[PDB]
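S.K.: Chains as they are written, first to last, in the deposited numbering: chain C, 930 to 978; chain B, 344 to 392.
C-beta: ideal position from N, C-alpha, C; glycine also.
First, the structure itself, so that you have it in front of you.
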Amino acid sequence: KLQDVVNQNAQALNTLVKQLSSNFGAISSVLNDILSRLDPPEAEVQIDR
Amino acid sequence: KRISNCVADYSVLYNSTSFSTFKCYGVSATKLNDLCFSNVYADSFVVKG
Ligand SMILES: *[C@@H]1O[C@H](CO)[C@@H](O)[C@H](O)[C@H]1NC(C)=O
C-alpha cells in the first residue's frame with residue numbers, strides 16, 4: 930500500500946501529461962502550429978476547443 | 344502533378360495577377376514564404392465560373 934500511493938499519483942501525472950497530445954476536434958493537437966498555421970480569426974475557433 | 348526539391352516564393356505566385364477565386368484553406372495564405380512543404384501537388388484544369 931505504500932507503493933500504491935506513489936503508483937496512483939504516477940498514473941495521475943501520466944494521464945495528465947499524456948492527454949494533451951490529443952486534438953479535441955482540432956486539426957492538430959499542438960497549439961504553436963495552429964497559431965503558426967492559421968490566423969487568429971479562426972485560430973481562436975480551434976484553440977477555444 | 345508532384346512538385347519537389349525546390350524553393351517556392353509565395354509572394355511572386357500571389358502577386359502575379361488578381362486571381363479571381365483565390366483561397367488557401369488549411370493555412371493562412373501569407374506565411375508560405377517561411378514554410379517548408381513535403382510533396383506538394385498541383386491540380387490543373389479549366390472550369391466555368
Ligand atoms: C506569368 O508569370 C508572370 C511572372 O510572375 C506573372 O506576372 C503572370 O501573371 C503569369 N501569367 C499567368 C499566371 O497567366
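Can you give me the C-alpha to C-alpha distance between B/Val390 and B/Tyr353, rounded to a whole angstrom?
M.R.: Going from the Cα of B/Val390 to the Cα of B/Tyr353 covers about 24 Å.
S.K.: How about the segment 368-378 of chain B and the segment 960-967 of chain C: do they share at least three Cβ pairs that are nearer than 8 Å?
M.R.: yes
S.K.: Flag B/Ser363 as yes when its Cβ comes closer than 8 Å to any non-hydrogen atom of ligand 1, and as no otherwise.
M.R.: In terms of side-chain proximity, the C-beta atom of B/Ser363 is found no nearer than 8 Å to any non-hydrogen atom of ligand 1.
S.K.: Take C/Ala955 as the anchor and find which of C/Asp977, C/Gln937, C/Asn938, C/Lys930 has the nearest alpha-carbon.
M.R.: C/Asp977
S.K.: Enumerate in chain order the residues of its own chain whose CB-to-CB distance from C/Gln975 is below 7 Å, with the five nearest sequence positions on each side excluded.
M.R.: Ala955, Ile956, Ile963
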